[PDB]
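We begin with a single chain expressed as structure tokens, specifically the form deposited in one PDB entry.
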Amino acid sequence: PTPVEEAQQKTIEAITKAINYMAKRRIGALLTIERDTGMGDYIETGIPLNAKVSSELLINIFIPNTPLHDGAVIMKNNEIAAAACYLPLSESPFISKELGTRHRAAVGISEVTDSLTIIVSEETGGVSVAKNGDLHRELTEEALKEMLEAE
């Protein structure tokens, strides 16, 4: 594989390790991966990081009751661009009524970009993905990894 392909694989491994850790501990998380539609307007609302990705940093960001935990992390390729970012809230009626603001923000950004957003529920530990206006819930670890590899 090329260096670009290896870097992508390392980033997917970092993300999946972090998401799996947070799901097990019921740490709420909201992680948007920018694709071809630029997300600068939303990146600029958060705290700039421009940091190399690691599972450790992703986990540390979302620890409850910390400066960076509220709002979205936005990733650009192999970097964490910013944390605590604003995302628009979807009004879609196909968001389960029990779900809170993290899921509505994820669907919201997915309606105006081609990004892929991962959500960990602090209530259940369930993992979901928002893409193209649709929310897919209760993902297995294998399903999440496959979705990321396909992205």
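One-based numbering along the sequence shown.
Below: the form deposited with a small molecule bound, not depicted.
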Review point. Is there any non-hydrogen atom of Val107 lying within 4.5 Å of the small molecule in the entry with it bound?
Key: no
How about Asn50 - does it come within 4.5 Å of the small molecule in the entry with it bound, if we only consider non-hydrogen atoms? no
* Asked: Does any heavy atom of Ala82 come within 4.5 Å of a heavy atom of the small molecule in the entry with it bound?
  -> no
Contact label in the entry with it bound: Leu89 to the small molecule, heavy atom within 4.5 Å:
yes
